[PDB]
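Trainee: Handing over coords_10.pdb, PDB, C-alpha atoms.
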ATOM      1  CA  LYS M   1     107.800  82.427  80.235  1.00  0.00           C
ATOM      2  CA  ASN M   2     106.765  81.911  83.856  1.00  0.00           C
ATOM      3  CA  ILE M   3     108.257  78.814  85.504  1.00  0.00           C
ATOM      4  CA  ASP M   4     108.537  78.341  89.285  1.00  0.00           C
ATOM      5  CA  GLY M   5     107.046  81.800  89.690  1.00  0.00           C
ATOM      6  CA  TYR M   6     110.007  83.241  87.780  1.00  0.00           C
ATOM      7  CA  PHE M   7     109.622  85.547  84.784  1.00  0.00           C
ATOM      8  CA  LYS M   8     112.370  85.204  82.174  1.00  0.00           C
ATOM      9  CA  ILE M   9     113.178  87.331  79.126  1.00  0.00           C
ATOM     10  CA  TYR M  10     115.474  86.323  76.266  1.00  0.00           C
ATOM     11  CA  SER M  11     116.560  88.375  73.279  1.00  0.00           C
ATOM     12  CA  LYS M  12     118.661  88.459  70.116  1.00  0.00           C
ATOM     13  CA  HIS M  13     119.160  91.287  67.629  1.00  0.00           C
ATOM     14  CA  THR M  14     120.659  89.539  64.612  1.00  0.00           C
ATOM     15  CA  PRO M  15     120.443  91.683  61.455  1.00  0.00           C
ATOM     16  CA  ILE M  16     117.826  90.463  58.982  1.00  0.00           C
ATOM     17  CA  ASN M  17     117.894  91.521  55.327  1.00  0.00           C
ATOM     18  CA  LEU M  18     114.772  89.560  54.297  1.00  0.00           C
ATOM     19  CA  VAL M  19     111.736  91.784  54.868  1.00  0.00           C
ATOM     20  CA  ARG M  20     109.211  89.107  53.872  1.00  0.00           C
ATOM     21  CA  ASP M  21     109.723  86.375  56.479  1.00  0.00           C
ATOM     22  CA  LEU M  22     112.231  85.162  59.038  1.00  0.00           C
ATOM     23  CA  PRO M  23     115.270  83.811  57.149  1.00  0.00           C
ATOM     24  CA  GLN M  24     116.141  80.144  57.445  1.00  0.00           C
ATOM     25  CA  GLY M  25     118.831  79.638  60.054  1.00  0.00           C
ATOM     26  CA  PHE M  26     119.620  79.128  63.716  1.00  0.00           C
ATOM     27  CA  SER M  27     120.208  81.756  66.395  1.00  0.00           C
ATOM     28  CA  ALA M  28     120.103  81.082  70.125  1.00  0.00           C
ATOM     29  CA  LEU M  29     118.715  83.799  72.387  1.00  0.00           C
ATOM     30  CA  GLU M  30     120.619  84.903  75.503  1.00  0.00           C
ATOM     31  CA  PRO M  31     118.849  85.657  78.801  1.00  0.00           C
ATOM     32  CA  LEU M  32     118.526  89.313  79.758  1.00  0.00           C
ATOM     33  CA  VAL M  33     115.914  89.689  82.520  1.00  0.00           C
ATOM     34  CA  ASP M  34     115.503  87.313  85.469  1.00  0.00           C
ATOM     35  CA  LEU M  35     113.089  89.178  87.703  1.00  0.00           C
ATOM     36  CA  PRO M  36     110.951  87.035  90.036  1.00  0.00           C
ATOM     37  CA  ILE M  37     107.685  88.850  89.349  1.00  0.00           C
ATOM     38  CA  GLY M  38     105.390  86.413  91.139  1.00  0.00           C
ATOM     39  CA  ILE M  39     102.270  87.567  89.253  1.00  0.00           C
ATOM     40  CA  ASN M  40     100.440  84.835  87.356  1.00  0.00           C
ATOM     41  CA  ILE M  41     100.187  85.539  83.623  1.00  0.00           C
ATOM     42  CA  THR M  42      97.436  84.240  81.328  1.00  0.00           C
ATOM     43  CA  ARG M  43      97.033  87.104  78.827  1.00  0.00           C
ATOM     44  CA  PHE M  44      99.307  89.106  76.554  1.00  0.00           C
ATOM     45  CA  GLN M  45      99.215  92.421  74.696  1.00  0.00           C
ATOM     46  CA  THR M  46     101.567  94.529  72.586  1.00  0.00           C
ATOM     47  CA  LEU M  47     102.276  98.268  72.510  1.00  0.00           C
ATOM     48  CA  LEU M  48     102.684 100.323  69.339  1.00  0.00           C
TER      49      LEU M  48
ATOM     50  CA  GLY Q   1      79.933 116.815 123.410  1.00  0.00           C
ATOM     51  CA  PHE Q   2      79.756 115.185 126.830  1.00  0.00           C
ATOM     52  CA  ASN Q   3      79.421 111.708 125.277  1.00  0.00           C
ATOM     53  CA  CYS Q   4      81.118 112.603 121.965  1.00  0.00           C
ATOM     54  CA  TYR Q   5      84.920 112.646 121.819  1.00  0.00           C
ATOM     55  CA  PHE Q   6      87.570 113.118 119.154  1.00  0.00           C
ATOM     56  CA  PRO Q   7      89.104 109.725 118.250  1.00  0.00           C
ATOM     57  CA  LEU Q   8      92.643 111.156 118.110  1.00  0.00           C
ATOM     58  CA  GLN Q   9      94.570 112.335 121.173  1.00  0.00           C
ATOM     59  CA  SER Q  10      97.927 114.099 121.072  1.00  0.00           C
ATOM     60  CA  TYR Q  11     101.134 113.268 122.908  1.00  0.00           C
ATOM     61  CA  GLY Q  12     102.749 115.770 125.241  1.00  0.00           C
ATOM     62  CA  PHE Q  13     106.392 114.970 124.446  1.00  0.00           C
ATOM     63  CA  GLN Q  14     107.799 117.694 126.681  1.00  0.00           C
ATOM     64  CA  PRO Q  15     111.621 117.863 126.764  1.00  0.00           C
ATOM     65  CA  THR Q  16     111.585 117.298 130.545  1.00  0.00           C
ATOM     66  CA  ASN Q  17     108.703 114.797 130.493  1.00  0.00           C
ATOM     67  CA  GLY Q  18     111.169 112.029 131.340  1.00  0.00           C
ATOM     68  CA  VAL Q  19     111.813 108.475 130.194  1.00  0.00           C
ATOM     69  CA  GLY Q  20     108.580 106.615 129.514  1.00  0.00           C
ATOM     70  CA  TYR Q  21     106.906 109.698 128.029  1.00  0.00           C
ATOM     71  CA  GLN Q  22     109.733 110.848 125.748  1.00  0.00           C
ATOM     72  CA  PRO Q  23     109.264 110.275 122.001  1.00  0.00           C
ATOM     73  CA  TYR Q  24     110.592 106.964 120.687  1.00  0.00           C
ATOM     74  CA  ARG Q  25     110.830 106.053 117.004  1.00  0.00           C
ATOM     75  CA  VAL Q  26     109.814 102.448 116.304  1.00  0.00           C
ATOM     76  CA  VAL Q  27     110.503 100.570 113.067  1.00  0.00           C
ATOM     77  CA  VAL Q  28     108.815  97.163 112.840  1.00  0.00           C
ATOM     78  CA  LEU Q  29     110.296  94.639 110.411  1.00  0.00           C
ATOM     79  CA  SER Q  30     107.858  91.930 109.302  1.00  0.00           C
ATOM     80  CA  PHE Q  31     109.193  89.002 107.273  1.00  0.00           C
ATOM     81  CA  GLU Q  32     106.724  87.863 104.606  1.00  0.00           C
ATOM     82  CA  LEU Q  33     107.246  84.288 103.393  1.00  0.00           C
ATOM     83  CA  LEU Q  34     105.171  82.829 100.552  1.00  0.00           C
ATOM     84  CA  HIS Q  35     105.332  80.209  97.797  1.00  0.00           C
ATOM     85  CA  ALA Q  36     107.246  82.661  95.617  1.00  0.00           C
ATOM     86  CA  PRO Q  37     110.933  83.014  94.701  1.00  0.00           C
ATOM     87  CA  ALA Q  38     113.030  84.528  97.470  1.00  0.00           C
ATOM     88  CA  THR Q  39     114.259  88.074  96.874  1.00  0.00           C
ATOM     89  CA  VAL Q  40     115.697  89.247 100.229  1.00  0.00           C
ATOM     90  CA  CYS Q  41     118.577  87.340 101.810  1.00  0.00           C
ATOM     91  CA  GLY Q  42     121.471  87.899 104.172  1.00  0.00           C
ATOM     92  CA  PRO Q  43     124.855  88.980 102.835  1.00  0.00           C
ATOM     93  CA  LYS Q  44     127.160  86.432 101.251  1.00  0.00           C
ATOM     94  CA  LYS Q  45     130.457  86.599 103.157  1.00  0.00           C
ATOM     95  CA  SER Q  46     133.081  87.073 100.448  1.00  0.00           C
ATOM     96  CA  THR Q  47     136.569  85.780 101.266  1.00  0.00           C
ATOM     97  CA  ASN Q  48     139.822  85.774  99.331  1.00  0.00           C
TER      98      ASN Q  48
END
Translate the structure of the given file into structure tokens.

Mentor:
Amino acid sequence: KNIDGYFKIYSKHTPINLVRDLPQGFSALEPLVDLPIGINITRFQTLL
Amino acid sequence: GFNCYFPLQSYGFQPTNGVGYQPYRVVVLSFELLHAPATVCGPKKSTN
């Protein structure tokens, strides 16, 4: 997300044994990266 | 030529040229302020 010109990254690596879909349950995600990028973001892409 | 000159001229910088012609290294610090999160700040004075 980008709020107040601040880019935030959250993560969680809980083990998942259901390969079909995300199992029912709750898991909060801790913050990892708090870099103030300052570049407006309107598009997204993924690397493989 | 007579009316054509090289845009760049070289310093003398002789060892005995004297103050006012001796080389001086200048570092100019410019403070950029914008509507972006602040990244550079003065030290936080830590006390016991």

Trainee: Could you spell out the hits of the ChimeraX specification (/Q :<9) & /M on the shown file, as a list in words?

Mentor: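 So the ChimeraX specification (/Q :<9) & /M, applied here, picks out residues 4, 5, 6, 36, 37 and 38 of chain M.
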
Trainee: Taking 5 positions as the minimum chain separation for residues in the same chain, which residues sit within 12 Å of residue Q:24 when counting all atoms listed in the file? Answer as a list in words.

Mentor: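 Near residue Q:24, the qualifying residues are residues 11, 13, 18 and 19 of chain Q.
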
Trainee: Quote the spacing between atom CA of residue M:17 and atom CA of residue M:30 in Å to one decimal place.

Mentor: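 Taking atom CA of residue M:17 as the start and atom CA of residue M:30 as the end point, the length is 21.4 Å.
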
Trainee: Report as a PyMOL selection string the full result of the PyMOL selection byres ((chain M and resi 29) around 7) when it is applied to this structure.

Mentor: chain M and resi 10-12+27-28+30-31

Trainee: Take atom CA of residue Q:22 and atom CA of residue Q:4 and report the distance between them in Å, one decimal.

Mentor: 28.9 Å

Trainee: Which distance in Å separates atom CA of residue Q:20 and atom CA of residue Q:6, to one decimal?

Mentor: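 Answer for the atom CA of residue Q:20 to atom CA of residue Q:6 separation: 24.3 Å.
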
Trainee: Find the spatial neighbours of residue M:34, counting all atoms listed in the file, within a cut-off of 7 Å - ignore same-chain residues fewer than 5 positions away - and output them as a list in words.

Mentor: residues 7, 8 and 9 of chain M

Trainee: Provide stretch 2-38 of chain Q rebuilt to N, CA and C atoms, formatted as a tab-separated table (two decimals), in the frame of the given file.

Mentor:
chain	number	residue	atom	x	y	z
Q	2	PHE	N	79.45	115.91	125.60
Q	2	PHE	CA	79.76	115.18	126.83
Q	2	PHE	C	80.02	113.71	126.55
Q	3	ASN	N	79.24	113.11	125.65
Q	3	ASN	CA	79.42	111.71	125.28
Q	3	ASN	C	80.04	111.55	123.90
Q	4	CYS	N	80.48	112.64	123.27
Q	4	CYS	CA	81.12	112.60	121.96
Q	4	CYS	C	82.54	113.12	122.10
Q	5	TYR	N	83.51	112.33	121.64
Q	5	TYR	CA	84.92	112.65	121.82
Q	5	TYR	C	85.67	112.45	120.51
Q	6	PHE	N	86.74	113.23	120.35
Q	6	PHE	CA	87.57	113.12	119.15
Q	6	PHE	C	88.40	111.84	119.22
Q	7	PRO	N	88.41	111.02	118.17
Q	7	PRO	CA	89.10	109.72	118.25
Q	7	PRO	C	90.61	109.84	118.42
Q	8	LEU	N	91.20	110.99	118.09
Q	8	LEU	CA	92.64	111.16	118.11
Q	8	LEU	C	93.05	112.05	119.27
Q	9	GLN	N	93.98	111.57	120.09
Q	9	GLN	CA	94.57	112.34	121.17
Q	9	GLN	C	96.05	112.55	120.90
Q	10	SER	N	96.57	113.67	121.38
Q	10	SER	CA	97.93	114.10	121.07
Q	10	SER	C	98.86	113.81	122.24
Q	11	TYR	N	100.10	113.45	121.90
Q	11	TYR	CA	101.13	113.27	122.91
Q	11	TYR	C	101.59	114.62	123.45
Q	12	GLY	N	102.14	114.59	124.67
Q	12	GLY	CA	102.75	115.77	125.24
Q	12	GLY	C	104.16	115.97	124.72
Q	13	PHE	N	105.02	114.98	124.96
Q	13	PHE	CA	106.39	114.97	124.45
Q	13	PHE	C	107.17	116.21	124.88
Q	14	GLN	N	107.01	116.60	126.14
Q	14	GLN	CA	107.80	117.69	126.68
Q	14	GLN	C	109.26	117.28	126.80
Q	15	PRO	N	110.20	118.22	126.63
Q	15	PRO	CA	111.62	117.86	126.76
Q	15	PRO	C	111.98	117.30	128.13
Q	16	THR	N	111.33	117.77	129.19
Q	16	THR	CA	111.58	117.30	130.54
Q	16	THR	C	110.53	116.31	131.02
Q	17	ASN	N	109.75	115.74	130.10
Q	17	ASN	CA	108.70	114.80	130.49
Q	17	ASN	C	109.28	113.53	131.12
Q	18	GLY	N	110.49	113.15	130.73
Q	18	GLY	CA	111.17	112.03	131.34
Q	18	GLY	C	111.00	110.75	130.54
Q	19	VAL	N	111.84	109.76	130.87
Q	19	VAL	CA	111.81	108.48	130.19
Q	19	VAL	C	110.50	107.77	130.49
Q	20	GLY	N	109.91	107.18	129.45
Q	20	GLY	CA	108.58	106.62	129.51
Q	20	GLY	C	107.51	107.48	128.87
Q	21	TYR	N	107.76	108.78	128.77
Q	21	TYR	CA	106.91	109.70	128.03
Q	21	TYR	C	107.64	110.39	126.89
Q	22	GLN	N	108.96	110.24	126.82
Q	22	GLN	CA	109.73	110.85	125.75
Q	22	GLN	C	109.41	110.17	124.42
Q	23	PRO	N	109.51	110.90	123.31
Q	23	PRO	CA	109.26	110.28	122.00
Q	23	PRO	C	110.27	109.17	121.71
Q	24	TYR	N	109.77	108.10	121.10
Q	24	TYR	CA	110.59	106.96	120.69
Q	24	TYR	C	110.16	106.55	119.29
Q	25	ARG	N	111.12	106.43	118.38
Q	25	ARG	CA	110.83	106.05	117.00
Q	25	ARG	C	110.96	104.54	116.86
Q	26	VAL	N	109.90	103.90	116.39
Q	26	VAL	CA	109.81	102.45	116.30
Q	26	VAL	C	109.69	102.05	114.84
Q	27	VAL	N	110.57	101.16	114.40
Q	27	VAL	CA	110.50	100.57	113.07
Q	27	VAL	C	110.29	99.07	113.25
Q	28	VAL	N	109.20	98.56	112.69
Q	28	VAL	CA	108.82	97.16	112.84
Q	28	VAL	C	109.09	96.45	111.53
Q	29	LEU	N	109.94	95.42	111.58
Q	29	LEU	CA	110.30	94.64	110.41
Q	29	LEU	C	109.51	93.34	110.43
Q	30	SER	N	108.66	93.14	109.43
Q	30	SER	CA	107.86	91.93	109.30
Q	30	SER	C	108.35	91.14	108.10
Q	31	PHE	N	108.66	89.87	108.32
Q	31	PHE	CA	109.19	89.00	107.27
Q	31	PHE	C	108.04	88.23	106.64
Q	32	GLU	N	107.79	88.51	105.36
Q	32	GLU	CA	106.72	87.86	104.61
Q	32	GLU	C	107.31	86.70	103.82
Q	33	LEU	N	106.82	85.49	104.10
Q	33	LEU	CA	107.25	84.29	103.39
Q	33	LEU	C	106.04	83.71	102.66
Q	34	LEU	N	106.23	83.38	101.38
Q	34	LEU	CA	105.17	82.83	100.55
Q	34	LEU	C	105.77	81.77	99.63
Q	35	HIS	N	104.90	81.17	98.81
Q	35	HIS	CA	105.33	80.21	97.80
Q	35	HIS	C	105.72	80.97	96.53
Q	36	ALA	N	106.73	81.83	96.69
Q	36	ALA	CA	107.25	82.66	95.62
Q	36	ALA	C	108.76	82.67	95.72
Q	37	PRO	N	109.47	82.97	94.63
Q	37	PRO	CA	110.93	83.01	94.70
Q	37	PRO	C	111.42	84.03	95.73
Q	38	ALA	N	112.47	83.66	96.45
Q	38	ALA	CA	113.03	84.53	97.47
Q	38	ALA	C	113.79	85.68	96.83
